[PDB]
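Written out below as structure tokens is the structure these notes cover.
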Amino acid sequence: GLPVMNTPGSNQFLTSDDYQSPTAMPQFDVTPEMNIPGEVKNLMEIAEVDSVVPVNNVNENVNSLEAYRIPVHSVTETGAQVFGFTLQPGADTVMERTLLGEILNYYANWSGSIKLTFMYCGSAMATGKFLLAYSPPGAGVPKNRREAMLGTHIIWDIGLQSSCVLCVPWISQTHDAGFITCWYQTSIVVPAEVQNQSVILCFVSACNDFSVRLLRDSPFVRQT
Amino acid sequence: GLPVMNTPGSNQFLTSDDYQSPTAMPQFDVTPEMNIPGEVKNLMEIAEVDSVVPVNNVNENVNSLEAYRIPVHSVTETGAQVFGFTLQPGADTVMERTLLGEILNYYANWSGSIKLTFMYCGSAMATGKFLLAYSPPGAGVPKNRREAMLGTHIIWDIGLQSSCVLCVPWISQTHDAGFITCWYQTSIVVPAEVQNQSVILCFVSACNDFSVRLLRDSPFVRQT
Amino acid sequence: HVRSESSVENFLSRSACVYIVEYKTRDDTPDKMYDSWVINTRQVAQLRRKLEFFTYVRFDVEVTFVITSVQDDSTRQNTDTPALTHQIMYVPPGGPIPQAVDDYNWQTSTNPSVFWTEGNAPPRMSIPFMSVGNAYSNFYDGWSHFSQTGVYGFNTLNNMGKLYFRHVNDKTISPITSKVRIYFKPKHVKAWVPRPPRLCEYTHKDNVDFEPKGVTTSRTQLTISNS
Amino acid sequence: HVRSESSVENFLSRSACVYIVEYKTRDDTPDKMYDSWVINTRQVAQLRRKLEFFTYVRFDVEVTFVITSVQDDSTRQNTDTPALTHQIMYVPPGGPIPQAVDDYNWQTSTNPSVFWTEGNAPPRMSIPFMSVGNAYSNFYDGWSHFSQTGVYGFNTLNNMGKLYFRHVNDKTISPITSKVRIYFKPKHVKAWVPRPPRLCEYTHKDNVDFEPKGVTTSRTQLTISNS
């Protein structure tokens with residue numbers, strides 16, 4: 001018949017094949033596709049969803065619902081620190097098991113932006129100010145309200161904005177990445193018959209410029 | 001299905017394959033090429049660069065910087081010889097480890113031209129004349145200034161040209177190749193309070209008509 | 001800025017060894033000469049989690065069988081056995097089931113088989129979407145038949161089939177065991193109504209049951225300091 | 001007068017055996033049943049010099065594995081072992097690492113593998129440019145992380161991956177060792193900022209360190225004479 005020469009690489013099963021294959025069940029009628037709502041055609045639709053961050057993961061608080069609640073109250077000083085965490089979505093233990101950290105643990109390379117959101121869950125009568133400082137990578141953690149003030153900061157007034165959104169610029173692990181600290185500016189002023197202890201909760205999601213390059217196995221599933 | 005006959009040469013791994021291959025990592029985003037200056041698309045751009053030749057490789061001077069300096073001074077005779085080396089870029093020990101000799105040791109066949117350059121590194125007050133003779137292949141080495149004079153020579157005056165360039169014609173090893181000798185013509189005339197001892201340095205590169213035909217392993221890397 | 005590897009098909013359409021099937025060619029116990037596998041997606045924990053990102057899925061199936069044989073030691077390793085033929089029969093949902101190596105259900109017509117001789121490229125057969133409903137369910141909040149009887153969270157409807165393996169040849173004179181490996185590559189994947197990943201470990205392959213794990217890894221403090 | 005063989009691709013895109021990987025199929029020490037290779041370009045001294053003609057390089061990779069097996073001598077050379085299947089798993093930069101032949105990381109999903117049965121043509125898999133930066137560095141004048149801590153001249157950024165090798169089958173009854181040979185052929189080569197060749201010999205595969213050699217071969221005189 002036709003003259004045909006076999007090249008090397010023949011009769012092997014490379015695991016990432018793309019060739020055709022014969023069907024075990026021809027003459028079979030596949031039931032047609034119905035319109036089911038909520039179709040996913042991209043995993044980076046899933047990571048564009050805000051989700052609560054367990055910032056208060058001090059020990060023995062992890063096995064509870066207190067792991068999300070960030071305590072804030074009236075302070076007799078004024079330049080103290082409320083919270084703080086290293087800005088590493090996937091390496092840090094804070095946003096480790098966050099949904100964005102879970103999409104980002106299935107890849108060895110990832111790059112893009114990141115949104116933070118901070119919501120105050122106190123009463124409608126309280127008021128005060130915070131200082132949300134962003135230490136860029138390379139720069140250290142400030143130890144003062146004043147050292148955090150000369151950096152990149154934002155003053156977030158409780159009494160007129162219950163949610164501040166902080167879209168952090170360029171962050172990567174293979175395209176010390178930064179810090180997010182929260183300082184008191186004023187105390188939380190409260191009227192009579194209103195409780196002093198209150199709560200902040202965090203939220204995080206990516207922006208629309210987020211890419212990944214190389215799939216791998218996740219470091220959290222361990223075989224029995 | 002389709003009738004297909006296997007020709008001989010099938011299921012072998014010839015080392016110089018050119019066939020297609022399946023990718024281990026599809027669905028991967030390769031980072032784009034950035035403009036980096038200094039792009040090489042041809043190895044015969046590299047060998048068009050002049051480089052210093054260790055002509056003074058008399059023994060125990062090789063382990064120093066004196067290996068490049070060619071001594072020239074005031075001579076009580078007048079027809080003596082300054083330097084000399086066989087004209088074999090890659091076989092000779094003089095331009096063996098020269099960059100042009102290093103591009104030319106990776107090939108069994110090479111042909112083309114060759115530039116020499118001779119720079120005088122003495123004072124601005126000295127003056128004199130040299131005789132740069134070129135013995136063609138087949139012809140012997142002259143033993144006199146006068147025997148070198150009737151051949152192909154060039155008289156290079158120190159006092160008005162600090163660099164003479166000598167583009168040697170056709171030389172090959174599979175397309176005794178020649179000699180380059182340097183004779184005194186006059187002594188080096190010097191005023192008072194100016195030092196007598198001086199230096200010549202060589203340079204070599206190819207021309208634009210240089211070809212190679214068959215790659216091989218280099219004779220200088222020895223396996224541990 | 002590509003987002004072509006966060007696709008559902010560039011995340012789920014990859015081959016993975018899911019099960020190892022050991023069987024011999026000469027025994028006395030008449031059920032160690034064959035073995036089977038009920039086809040599901042709940043044995044590799046990696047692929048089970050990657051499919052439990054979504055509630056409903058819908059895919060074709062491409063199975064490649066890697067078949068290797070090693071002879072058991074005996075007095076008679078000096079033999080000349082000709083090349084072995086294996087059978088890989090597929091039983092669709094609603095098909096008969098063999099109960100021995102000499103059973104008649106290895107010979108029935110509407111159970112598609114593959115016959116492979118030792119030495120060739122490994123076999124391969126595609127399996128289409130063979131559910132009655134429109135998509136498989138990873139999760140099912142209910143009972144299959146007649147609630148408070150039957151197992152909670154079963155979903156009868158999403159069975160895909162099962163495989164059976166035997167040596168086609170007669171009983172040899174030396175015992176030779178054959179182990180096959182099953183590479184299950186889903187194709188043309190469409191997924192709906194996403195959901196968070198699992199935090200706890202798995203305890204069984206037929207229910208969602210668990211022990212309560214934490215939320216994350218605990219820190220020592222709440223405010224950060226310098227190095 | 002051609003200059004088509006002084007191209008960068010006609011100088012660097014050639015196959016070369018870079019490493020030999022020995023592993024067995026039956027032992028007692030549980031780490032001699034597998035072996036690995038961290039992929040770099042600094043083991044063959046020839047290819048290391050030919051890539052140290054240039055500072056930055058950028059290439060695809062085409063690996064062909066030549067796999068051969070020889071049985072170890074014992075009392076039981078008289079056996080009938082079926083054909084062996086090998087696994088060649090690729091771990092990208094940022095992937096898990098197996099620690100035995102029975103470890104779970106041989107079964108994970110985002111580590112692409114190749115399964116080859118004895119007798120066929122040798123396997124082959126392409127590896128793209130998988131660095132975060134724009135080109136690999138042969139030379140790096142600096143520290144990786146937090147200078148004066150960490151090794152001088154490391155460049156974390158240019159890791160390409162690593163391979164792992166095991167026999168897919170169960171433990172046999174006779175010991176059979178398998179040695180594979182790795183043919184590393186770089187493709188689509190682009191190079192920048194050239195630099196002189198190395199004069200001294202090599203002492204290690206992770207630094208540029210050396211002992212001072214001469215400049216050339218010494219002569220007896222400076223002026224030439226007749227034969």
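Chain labels run A, B, ... following the order of the structure tokens; each chain numbers its residues from 1, and ligands are numbered from 1 in the order shown.
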Fitted copy of chain C on chain D, all Cα, as a PDB file with C-alpha atoms, in the first residue's frame:
ATOM      1  CA  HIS C   1      30.500  32.020   2.524  1.00  0.00           C
ATOM      2  CA  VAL C   2      27.298  30.721   4.134  1.00  0.00           C
ATOM      3  CA  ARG C   3      27.218  31.681   7.882  1.00  0.00           C
ATOM      4  CA  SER C   4      24.103  29.560   8.448  1.00  0.00           C
ATOM      5  CA  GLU C   5      25.842  27.250  10.924  1.00  0.00           C
ATOM      6  CA  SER C   6      27.129  30.054  13.120  1.00  0.00           C
ATOM      7  CA  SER C   7      23.535  30.754  14.131  1.00  0.00           C
ATOM      8  CA  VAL C   8      22.625  30.581  17.798  1.00  0.00           C
ATOM      9  CA  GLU C   9      20.104  27.820  17.125  1.00  0.00           C
ATOM     10  CA  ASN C  10      22.546  25.836  14.964  1.00  0.00           C
ATOM     11  CA  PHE C  11      25.004  26.010  17.886  1.00  0.00           C
ATOM     12  CA  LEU C  12      22.820  25.341  20.901  1.00  0.00           C
ATOM     13  CA  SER C  13      19.810  23.316  19.687  1.00  0.00           C
ATOM     14  CA  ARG C  14      21.429  19.887  19.792  1.00  0.00           C
ATOM     15  CA  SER C  15      20.650  16.881  21.958  1.00  0.00           C
ATOM     16  CA  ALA C  16      23.002  15.781  24.713  1.00  0.00           C
ATOM     17  CA  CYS C  17      22.882  13.137  27.427  1.00  0.00           C
ATOM     18  CA  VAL C  18      22.860  15.140  30.646  1.00  0.00           C
ATOM     19  CA  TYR C  19      22.173  12.640  33.454  1.00  0.00           C
ATOM     20  CA  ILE C  20      21.824   8.903  34.140  1.00  0.00           C
ATOM     21  CA  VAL C  21      19.071   7.791  36.530  1.00  0.00           C
ATOM     22  CA  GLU C  22      19.411   4.375  38.192  1.00  0.00           C
ATOM     23  CA  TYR C  23      16.529   2.732  40.072  1.00  0.00           C
ATOM     24  CA  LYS C  24      15.391  -0.794  40.875  1.00  0.00           C
ATOM     25  CA  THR C  25      12.104  -2.657  41.221  1.00  0.00           C
ATOM     26  CA  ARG C  26      12.658  -4.690  44.413  1.00  0.00           C
ATOM     27  CA  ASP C  27      14.807  -3.676  47.399  1.00  0.00           C
ATOM     28  CA  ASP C  28      14.775  -3.236  51.157  1.00  0.00           C
ATOM     29  CA  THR C  29      16.162   0.299  51.316  1.00  0.00           C
ATOM     30  CA  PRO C  30      13.015   2.192  50.255  1.00  0.00           C
ATOM     31  CA  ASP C  31      14.788   4.973  48.318  1.00  0.00           C
ATOM     32  CA  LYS C  32      16.780   2.905  45.808  1.00  0.00           C
ATOM     33  CA  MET C  33      13.511   2.128  44.012  1.00  0.00           C
ATOM     34  CA  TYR C  34      13.366   5.619  42.534  1.00  0.00           C
ATOM     35  CA  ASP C  35      15.538   8.629  41.671  1.00  0.00           C
ATOM     36  CA  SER C  36      15.188  12.246  40.535  1.00  0.00           C
ATOM     37  CA  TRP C  37      16.853  15.096  38.655  1.00  0.00           C
ATOM     38  CA  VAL C  38      16.622  18.836  39.319  1.00  0.00           C
ATOM     39  CA  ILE C  39      16.571  20.344  35.838  1.00  0.00           C
ATOM     40  CA  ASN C  40      19.402  22.764  35.085  1.00  0.00           C
ATOM     41  CA  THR C  41      22.082  23.358  32.448  1.00  0.00           C
ATOM     42  CA  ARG C  42      25.179  22.931  34.603  1.00  0.00           C
ATOM     43  CA  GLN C  43      26.161  19.265  34.518  1.00  0.00           C
ATOM     44  CA  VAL C  44      27.551  18.649  31.055  1.00  0.00           C
ATOM     45  CA  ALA C  45      30.595  20.913  30.975  1.00  0.00           C
ATOM     46  CA  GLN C  46      30.355  21.263  27.181  1.00  0.00           C
ATOM     47  CA  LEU C  47      26.788  22.593  27.235  1.00  0.00           C
ATOM     48  CA  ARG C  48      27.573  24.707  30.300  1.00  0.00           C
ATOM     49  CA  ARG C  49      30.350  26.484  28.414  1.00  0.00           C
ATOM     50  CA  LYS C  50      28.296  26.812  25.219  1.00  0.00           C
ATOM     51  CA  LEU C  51      25.552  28.483  27.247  1.00  0.00           C
ATOM     52  CA  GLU C  52      28.095  30.605  29.133  1.00  0.00           C
ATOM     53  CA  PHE C  53      28.925  32.284  25.871  1.00  0.00           C
ATOM     54  CA  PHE C  54      25.856  34.430  26.666  1.00  0.00           C
ATOM     55  CA  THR C  55      24.420  36.005  29.788  1.00  0.00           C
ATOM     56  CA  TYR C  56      20.667  35.697  29.160  1.00  0.00           C
ATOM     57  CA  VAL C  57      19.065  32.812  27.260  1.00  0.00           C
ATOM     58  CA  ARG C  58      15.472  31.887  26.471  1.00  0.00           C
ATOM     59  CA  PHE C  59      14.535  28.466  25.148  1.00  0.00           C
ATOM     60  CA  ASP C  60      11.939  25.737  25.029  1.00  0.00           C
ATOM     61  CA  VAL C  61      12.949  22.229  26.086  1.00  0.00           C
ATOM     62  CA  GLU C  62      12.483  18.836  24.394  1.00  0.00           C
ATOM     63  CA  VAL C  63      13.399  15.857  26.585  1.00  0.00           C
ATOM     64  CA  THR C  64      13.702  12.314  25.208  1.00  0.00           C
ATOM     65  CA  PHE C  65      14.169   9.468  27.703  1.00  0.00           C
ATOM     66  CA  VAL C  66      16.141   6.361  26.708  1.00  0.00           C
ATOM     67  CA  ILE C  67      15.052   3.599  29.087  1.00  0.00           C
ATOM     68  CA  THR C  68      16.896   0.267  29.413  1.00  0.00           C
ATOM     69  CA  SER C  69      16.560  -2.557  31.941  1.00  0.00           C
ATOM     70  CA  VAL C  70      18.912  -5.345  33.053  1.00  0.00           C
ATOM     71  CA  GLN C  71      18.016  -7.928  35.686  1.00  0.00           C
ATOM     72  CA  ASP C  72      20.222  -8.359  38.738  1.00  0.00           C
ATOM     73  CA  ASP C  73      21.589 -11.844  39.297  1.00  0.00           C
ATOM     74  CA  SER C  74      19.968 -14.063  41.906  1.00  0.00           C
ATOM     75  CA  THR C  75      18.793 -17.645  42.352  1.00  0.00           C
ATOM     76  CA  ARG C  76      15.733 -16.965  40.197  1.00  0.00           C
ATOM     77  CA  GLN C  77      16.747 -15.726  36.760  1.00  0.00           C
ATOM     78  CA  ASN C  78      14.231 -18.307  35.445  1.00  0.00           C
ATOM     79  CA  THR C  79      11.098 -16.188  35.570  1.00  0.00           C
ATOM     80  CA  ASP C  80       8.387 -14.834  33.271  1.00  0.00           C
ATOM     81  CA  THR C  81       7.922 -11.201  34.118  1.00  0.00           C
ATOM     82  CA  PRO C  82       5.403  -9.255  32.016  1.00  0.00           C
ATOM     83  CA  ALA C  83       6.431  -5.990  30.417  1.00  0.00           C
ATOM     84  CA  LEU C  84       7.313  -3.121  32.719  1.00  0.00           C
ATOM     85  CA  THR C  85       5.622   0.264  32.876  1.00  0.00           C
ATOM     86  CA  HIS C  86       7.661   3.285  33.953  1.00  0.00           C
ATOM     87  CA  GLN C  87       6.423   6.612  35.254  1.00  0.00           C
ATOM     88  CA  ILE C  88       8.187   9.881  34.488  1.00  0.00           C
ATOM     89  CA  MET C  89       6.452  12.599  36.503  1.00  0.00           C
ATOM     90  CA  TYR C  90       7.275  16.284  36.044  1.00  0.00           C
ATOM     91  CA  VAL C  91       7.137  18.676  38.989  1.00  0.00           C
ATOM     92  CA  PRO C  92       6.772  22.337  37.917  1.00  0.00           C
ATOM     93  CA  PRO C  93       8.284  25.168  40.006  1.00  0.00           C
ATOM     94  CA  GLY C  94       5.932  25.234  42.960  1.00  0.00           C
ATOM     95  CA  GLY C  95       4.842  21.587  43.053  1.00  0.00           C
ATOM     96  CA  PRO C  96       4.823  18.825  45.668  1.00  0.00           C
ATOM     97  CA  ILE C  97       7.648  16.348  46.126  1.00  0.00           C
ATOM     98  CA  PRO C  98       7.384  12.567  46.607  1.00  0.00           C
ATOM     99  CA  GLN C  99       9.320  10.947  49.426  1.00  0.00           C
ATOM    100  CA  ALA C 100       8.855   7.241  48.601  1.00  0.00           C
ATOM    101  CA  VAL C 101       7.643   5.012  45.799  1.00  0.00           C
ATOM    102  CA  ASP C 102       4.291   4.632  47.586  1.00  0.00           C
ATOM    103  CA  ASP C 103       3.840   8.325  48.371  1.00  0.00           C
ATOM    104  CA  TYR C 104       0.625  10.129  47.477  1.00  0.00           C
ATOM    105  CA  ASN C 105       2.474  12.701  45.354  1.00  0.00           C
ATOM    106  CA  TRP C 106       2.836  10.140  42.575  1.00  0.00           C
ATOM    107  CA  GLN C 107      -0.961  10.323  42.284  1.00  0.00           C
ATOM    108  CA  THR C 108      -1.547  14.083  42.367  1.00  0.00           C
ATOM    109  CA  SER C 109      -3.169  15.851  39.458  1.00  0.00           C
ATOM    110  CA  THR C 110      -1.047  18.885  38.560  1.00  0.00           C
ATOM    111  CA  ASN C 111       2.153  16.941  38.059  1.00  0.00           C
ATOM    112  CA  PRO C 112       2.149  15.706  34.462  1.00  0.00           C
ATOM    113  CA  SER C 113       3.311  12.127  33.968  1.00  0.00           C
ATOM    114  CA  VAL C 114       4.197   9.766  31.117  1.00  0.00           C
ATOM    115  CA  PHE C 115       3.544   6.004  31.229  1.00  0.00           C
ATOM    116  CA  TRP C 116       5.739   3.909  28.917  1.00  0.00           C
ATOM    117  CA  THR C 117       5.632   0.142  28.344  1.00  0.00           C
ATOM    118  CA  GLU C 118       8.789  -1.820  27.475  1.00  0.00           C
ATOM    119  CA  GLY C 119       9.525  -2.205  23.773  1.00  0.00           C
ATOM    120  CA  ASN C 120       8.094   0.940  22.186  1.00  0.00           C
ATOM    121  CA  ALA C 121       9.760   4.040  20.800  1.00  0.00           C
ATOM    122  CA  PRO C 122      11.323   6.173  23.561  1.00  0.00           C
ATOM    123  CA  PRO C 123       9.107   8.785  25.228  1.00  0.00           C
ATOM    124  CA  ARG C 124       9.243  12.514  24.632  1.00  0.00           C
ATOM    125  CA  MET C 125       7.637  15.541  26.236  1.00  0.00           C
ATOM    126  CA  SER C 126       8.151  19.231  25.575  1.00  0.00           C
ATOM    127  CA  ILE C 127       8.792  21.721  28.364  1.00  0.00           C
ATOM    128  CA  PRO C 128       8.070  25.403  27.612  1.00  0.00           C
ATOM    129  CA  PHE C 129       9.743  28.537  28.928  1.00  0.00           C
ATOM    130  CA  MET C 130       8.582  28.462  32.530  1.00  0.00           C
ATOM    131  CA  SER C 131      10.323  31.350  34.267  1.00  0.00           C
ATOM    132  CA  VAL C 132       8.639  34.356  35.839  1.00  0.00           C
ATOM    133  CA  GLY C 133      11.194  36.734  34.344  1.00  0.00           C
ATOM    134  CA  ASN C 134      11.894  37.230  30.680  1.00  0.00           C
ATOM    135  CA  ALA C 135      15.042  35.109  30.319  1.00  0.00           C
ATOM    136  CA  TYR C 136      17.175  32.684  32.268  1.00  0.00           C
ATOM    137  CA  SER C 137      20.441  33.969  33.689  1.00  0.00           C
ATOM    138  CA  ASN C 138      23.652  32.017  33.353  1.00  0.00           C
ATOM    139  CA  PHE C 139      25.309  34.628  35.577  1.00  0.00           C
ATOM    140  CA  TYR C 140      23.845  36.583  38.474  1.00  0.00           C
ATOM    141  CA  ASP C 141      25.916  39.145  40.374  1.00  0.00           C
ATOM    142  CA  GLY C 142      23.983  39.341  43.600  1.00  0.00           C
ATOM    143  CA  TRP C 143      22.127  37.597  46.381  1.00  0.00           C
ATOM    144  CA  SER C 144      18.728  35.950  46.109  1.00  0.00           C
ATOM    145  CA  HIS C 145      16.975  37.059  49.309  1.00  0.00           C
ATOM    146  CA  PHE C 146      18.190  39.542  51.947  1.00  0.00           C
ATOM    147  CA  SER C 147      21.827  40.154  50.935  1.00  0.00           C
ATOM    148  CA  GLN C 148      24.626  38.827  53.190  1.00  0.00           C
ATOM    149  CA  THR C 149      22.159  36.065  54.004  1.00  0.00           C
ATOM    150  CA  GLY C 150      21.656  33.418  51.356  1.00  0.00           C
ATOM    151  CA  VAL C 151      24.123  32.142  48.803  1.00  0.00           C
ATOM    152  CA  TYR C 152      25.886  34.581  46.468  1.00  0.00           C
ATOM    153  CA  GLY C 153      24.803  34.217  42.866  1.00  0.00           C
ATOM    154  CA  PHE C 154      21.722  32.034  43.192  1.00  0.00           C
ATOM    155  CA  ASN C 155      18.820  33.561  41.181  1.00  0.00           C
ATOM    156  CA  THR C 156      15.774  31.746  42.603  1.00  0.00           C
ATOM    157  CA  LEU C 157      13.830  32.963  39.570  1.00  0.00           C
ATOM    158  CA  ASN C 158      15.338  30.642  36.933  1.00  0.00           C
ATOM    159  CA  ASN C 159      14.306  27.212  38.234  1.00  0.00           C
ATOM    160  CA  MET C 160      12.783  24.976  35.586  1.00  0.00           C
ATOM    161  CA  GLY C 161      11.437  22.024  37.547  1.00  0.00           C
ATOM    162  CA  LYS C 162      12.434  18.495  38.401  1.00  0.00           C
ATOM    163  CA  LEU C 163      11.652  14.932  37.345  1.00  0.00           C
ATOM    164  CA  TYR C 164      10.874  11.746  39.252  1.00  0.00           C
ATOM    165  CA  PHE C 165      11.102   8.124  38.130  1.00  0.00           C
ATOM    166  CA  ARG C 166       9.529   4.926  39.423  1.00  0.00           C
ATOM    167  CA  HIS C 167       8.298   1.573  38.171  1.00  0.00           C
ATOM    168  CA  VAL C 168       4.501   1.630  38.017  1.00  0.00           C
ATOM    169  CA  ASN C 169       4.153  -2.110  38.628  1.00  0.00           C
ATOM    170  CA  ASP C 170       4.165  -3.899  41.971  1.00  0.00           C
ATOM    171  CA  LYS C 171       7.303  -5.378  43.537  1.00  0.00           C
ATOM    172  CA  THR C 172       8.449  -8.259  41.346  1.00  0.00           C
ATOM    173  CA  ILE C 173      10.131 -11.458  42.543  1.00  0.00           C
ATOM    174  CA  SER C 174      13.562 -10.881  40.979  1.00  0.00           C
ATOM    175  CA  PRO C 175      15.479  -7.601  41.301  1.00  0.00           C
ATOM    176  CA  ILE C 176      15.521  -5.661  38.038  1.00  0.00           C
ATOM    177  CA  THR C 177      17.340  -2.337  37.846  1.00  0.00           C
ATOM    178  CA  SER C 178      16.476   0.252  35.203  1.00  0.00           C
ATOM    179  CA  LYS C 179      18.765   3.053  34.043  1.00  0.00           C
ATOM    180  CA  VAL C 180      17.374   5.936  32.024  1.00  0.00           C
ATOM    181  CA  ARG C 181      19.282   8.467  29.952  1.00  0.00           C
ATOM    182  CA  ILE C 182      18.026  12.008  29.462  1.00  0.00           C
ATOM    183  CA  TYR C 183      18.429  13.808  26.138  1.00  0.00           C
ATOM    184  CA  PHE C 184      17.933  17.524  26.712  1.00  0.00           C
ATOM    185  CA  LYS C 185      17.444  19.449  23.470  1.00  0.00           C
ATOM    186  CA  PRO C 186      16.775  23.195  23.843  1.00  0.00           C
ATOM    187  CA  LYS C 187      14.574  24.816  21.222  1.00  0.00           C
ATOM    188  CA  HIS C 188      13.913  28.301  19.793  1.00  0.00           C
ATOM    189  CA  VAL C 189      17.015  29.793  21.357  1.00  0.00           C
ATOM    190  CA  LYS C 190      17.415  33.549  21.790  1.00  0.00           C
ATOM    191  CA  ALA C 191      20.541  34.899  23.486  1.00  0.00           C
ATOM    192  CA  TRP C 192      21.719  38.335  24.603  1.00  0.00           C
ATOM    193  CA  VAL C 193      24.844  40.263  25.778  1.00  0.00           C
ATOM    194  CA  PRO C 194      27.701  37.922  24.773  1.00  0.00           C
ATOM    195  CA  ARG C 195      30.811  37.415  26.847  1.00  0.00           C
ATOM    196  CA  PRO C 196      34.189  35.626  26.587  1.00  0.00           C
ATOM    197  CA  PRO C 197      34.557  31.861  27.066  1.00  0.00           C
ATOM    198  CA  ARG C 198      35.838  30.377  30.279  1.00  0.00           C
ATOM    199  CA  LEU C 199      39.560  29.723  30.532  1.00  0.00           C
ATOM    200  CA  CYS C 200      39.756  27.914  33.858  1.00  0.00           C
ATOM    201  CA  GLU C 201      38.287  24.533  34.678  1.00  0.00           C
ATOM    202  CA  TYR C 202      35.166  24.051  36.777  1.00  0.00           C
ATOM    203  CA  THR C 203      35.202  23.125  40.436  1.00  0.00           C
ATOM    204  CA  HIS C 204      31.500  23.057  41.396  1.00  0.00           C
ATOM    205  CA  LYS C 205      28.157  23.236  39.605  1.00  0.00           C
ATOM    206  CA  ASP C 206      26.673  26.055  41.681  1.00  0.00           C
ATOM    207  CA  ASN C 207      29.307  28.819  41.583  1.00  0.00           C
ATOM    208  CA  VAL C 208      31.797  30.430  39.209  1.00  0.00           C
ATOM    209  CA  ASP C 209      34.763  29.697  41.506  1.00  0.00           C
ATOM    210  CA  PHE C 210      38.081  28.544  40.083  1.00  0.00           C
ATOM    211  CA  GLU C 211      41.848  28.277  40.406  1.00  0.00           C
ATOM    212  CA  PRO C 212      43.893  30.715  38.289  1.00  0.00           C
ATOM    213  CA  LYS C 213      45.116  29.065  35.094  1.00  0.00           C
ATOM    214  CA  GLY C 214      47.534  30.629  32.595  1.00  0.00           C
ATOM    215  CA  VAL C 215      46.612  32.588  29.470  1.00  0.00           C
ATOM    216  CA  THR C 216      47.959  30.288  26.741  1.00  0.00           C
ATOM    217  CA  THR C 217      50.692  27.738  26.025  1.00  0.00           C
ATOM    218  CA  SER C 218      54.200  29.088  26.553  1.00  0.00           C
ATOM    219  CA  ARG C 219      56.796  29.361  23.799  1.00  0.00           C
ATOM    220  CA  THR C 220      60.565  29.058  24.072  1.00  0.00           C
ATOM    221  CA  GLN C 221      61.367  32.278  22.202  1.00  0.00           C
ATOM    222  CA  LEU C 222      59.743  35.446  20.905  1.00  0.00           C
ATOM    223  CA  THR C 223      61.234  35.683  17.395  1.00  0.00           C
ATOM    224  CA  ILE C 224      60.747  32.866  14.910  1.00  0.00           C
ATOM    225  CA  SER C 225      63.408  31.162  12.795  1.00  0.00           C
ATOM    226  CA  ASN C 226      63.620  28.633   9.955  1.00  0.00           C
ATOM    227  CA  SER C 227      63.037  24.876  10.030  1.00  0.00           C
TER     228      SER C 227
END
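Among the residues of segment 48-109 of chain D, backbone DSSP assigns helix (DSSP H, G or I) to residues 48, 49, 50, 51, 104, 105 and 106 of chain D.
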With C-alpha atoms retained, write the just-selected residues as an mmCIF file, in the first residue's frame.
data_model
loop_
_atom_site.group_PDB
_atom_site.id
_atom_site.type_symbol
_atom_site.label_atom_id
_atom_site.label_comp_id
_atom_site.auth_asym_id
_atom_site.auth_seq_id
_atom_site.Cartn_x
_atom_site.Cartn_y
_atom_site.Cartn_z
ATOM 1 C CA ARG D 48 27.574 24.707 30.299
ATOM 2 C CA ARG D 49 30.350 26.483 28.414
ATOM 3 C CA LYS D 50 28.296 26.811 25.219
ATOM 4 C CA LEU D 51 25.553 28.482 27.246
ATOM 5 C CA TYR D 104 0.624 10.129 47.478
ATOM 6 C CA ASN D 105 2.473 12.701 45.355
ATOM 7 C CA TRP D 106 2.835 10.141 42.576
#
Could you list the residues in chain B lying within 7 Å of chain C, using only C-alpha atoms, and format the result as a list in words?
->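 That gives the following set of residues: residues 27, 28 and 29 of chain B.
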Residues at most 8 Å from segment 194-211 of chain B, counting only C-alpha atoms, excluding those fewer than 2 positions away in the same chain, as a PyMOL selection string?
-> (chain B and resi 44+47-55+68-74+100+110-123+125+188+190-192+213) or (chain D and resi 1-3)
Any idea which chain B residues end up within 7 Å of chain A if we count only C-alpha atoms, as a list in words please?
->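 So the contacting residues turn out to be residues 3, 4, 5, 6, 7, 8, 9, 10, 11, 12, 13, 24, 28 and 29 of chain B.
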Please identify all polymer residues within 6 Å of residue 183 of chain A, counting only C-alpha atoms, omitting same-chain residues fewer than 6 positions from it, and present them as an mmCIF file with N, CA and C atoms, in the first residue's frame.
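So result.cif came out as:
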data_model
loop_
_atom_site.group_PDB
_atom_site.id
_atom_site.type_symbol
_atom_site.label_atom_id
_atom_site.label_comp_id
_atom_site.auth_asym_id
_atom_site.auth_seq_id
_atom_site.Cartn_x
_atom_site.Cartn_y
_atom_site.Cartn_z
ATOM 1 N N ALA A 80 -2.112 53.278 69.357
ATOM 2 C CA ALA A 80 -1.934 51.839 69.413
ATOM 3 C C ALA A 80 -2.324 51.209 68.081
ATOM 4 N N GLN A 81 -2.216 49.890 68.004
ATOM 5 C CA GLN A 81 -2.473 49.159 66.774
ATOM 6 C C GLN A 81 -3.650 48.221 66.980
ATOM 7 N N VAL A 82 -4.546 48.170 65.998
ATOM 8 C CA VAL A 82 -5.727 47.329 66.116
ATOM 9 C C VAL A 82 -5.387 45.936 65.615
ATOM 10 N N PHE A 130 -9.781 55.540 62.025
ATOM 11 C CA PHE A 130 -8.679 54.596 61.951
ATOM 12 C C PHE A 130 -7.667 55.055 60.915
ATOM 13 N N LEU A 131 -6.519 54.393 60.911
ATOM 14 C CA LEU A 131 -5.432 54.724 59.997
ATOM 15 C C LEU A 131 -4.975 53.420 59.352
#
